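First comes the structure, then the notes that go with it.
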Amino acid sequence: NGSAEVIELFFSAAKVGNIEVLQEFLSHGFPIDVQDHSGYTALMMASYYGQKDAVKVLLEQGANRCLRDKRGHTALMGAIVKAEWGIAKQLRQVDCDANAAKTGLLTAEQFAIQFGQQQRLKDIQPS
Numbered sequence: 032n033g034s035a036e037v038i039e040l041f042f043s044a045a046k047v048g049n050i051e052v053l054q055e056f057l058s059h060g061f062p063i064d065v066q067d068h069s070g071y072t073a074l075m076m077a078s079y080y081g082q083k084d085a086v087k088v089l090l091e092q093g094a095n096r097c098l099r100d101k102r103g104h105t106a107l108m109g110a111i112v113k114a115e116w117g118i119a120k121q122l123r124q125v126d127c128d129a130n131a132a133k134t135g136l137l138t139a140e141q142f143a144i145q146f147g148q149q150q151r152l153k154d155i156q157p158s
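The opening position of the sequence shown corresponds to residue 32 in the authors' numbering, with each subsequent residue numbered one higher.
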């Protein structure tokens with residue numbers, strides 16, 4: 032259990048692309064999938080702000096890209112809604128809605144429909 036305040040230290044470094052602080056936090060065992068008050072994860076933050084290189088390292092260090100904030104949103108969805116389609120392509124290589132039918136959980140195609148970006152998400156969907 033980490034307090035509300037280092038979470039934002041962690042999340043600030045991701046928001047700014049401070050990749051060196053990210054790995055520093057992790058290398059001393061800071062939980063990479065930690066979620067603040069709003070259910071946000073560091074990876075969500077980095078995708079929102081378009082910081083590619085913090086997405087690459089965050090995933091390489093094992094960030095679970097299928098966690099959901101308290102509105103049911105994923106890092107993939109944040110990329111969609113900020114038009115960050117390079118990060119979107121990376122995050123969509125792992126399908127967070129494979130078991131949707133069972134879970135009933137909000138899917139990234141449905142979210143894309145709500146915003147008109149459905150064709151693009153399709154285009155970056157894996158083969």
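Cβ atoms here follow ideal geometry from the backbone N, Cα and C, with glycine treated the same way.
Alpha carbon of residue i to alpha carbon of residue j, nearest angstrom
{"i": "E91", "j": "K133", "result": "28 Å"}
{"i": "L98", "j": "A106", "result": "8 Å"}
{"i": "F56", "j": "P157", "result": "32 Å"}
{"i": "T72", "j": "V125", "result": "17 Å"}
{"i": "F41", "j": "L53", "result": "7 Å"}
{"i": "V88", "j": "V65", "result": "16 Å"}
{"i": "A45", "j": "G135", "result": "30 Å"}
Delimiting residues of the alpha helix (DSSP H) encompassing residue i
{"i": "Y79", "result": "73-79"}
{"i": "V37", "result": "35-46"}
{"i": "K101", "result": "Taken as a continuous stretch (DSSP letters only), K101 belongs to no alpha helix (DSSP H), as it is neither H nor E."}
{"i": "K133", "result": "131-134"}
{"i": "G117", "result": "116-122"}
{"i": "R96", "result": "Where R96 is concerned, there is no enclosing alpha helix (DSSP H), given that its DSSP letter is neither H nor E."}
Counted within 10 angstroms of its Cβ, other Cβ atoms place residue i as buried (16 or more) or exposed
{"i": "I118", "result": "buried"}
{"i": "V37", "result": "exposed"}
{"i": "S78", "result": "buried"}
Checklist entry - Counting Cβ pairs, one atom from each stretch, are 3 or more of them under 8 Å apart for the stretch 107-115 and the stretch 143-157? => result Contact between the stretch 107-115 and the stretch 143-157 is present, with at least three C-beta pairs closer than 8 Å.
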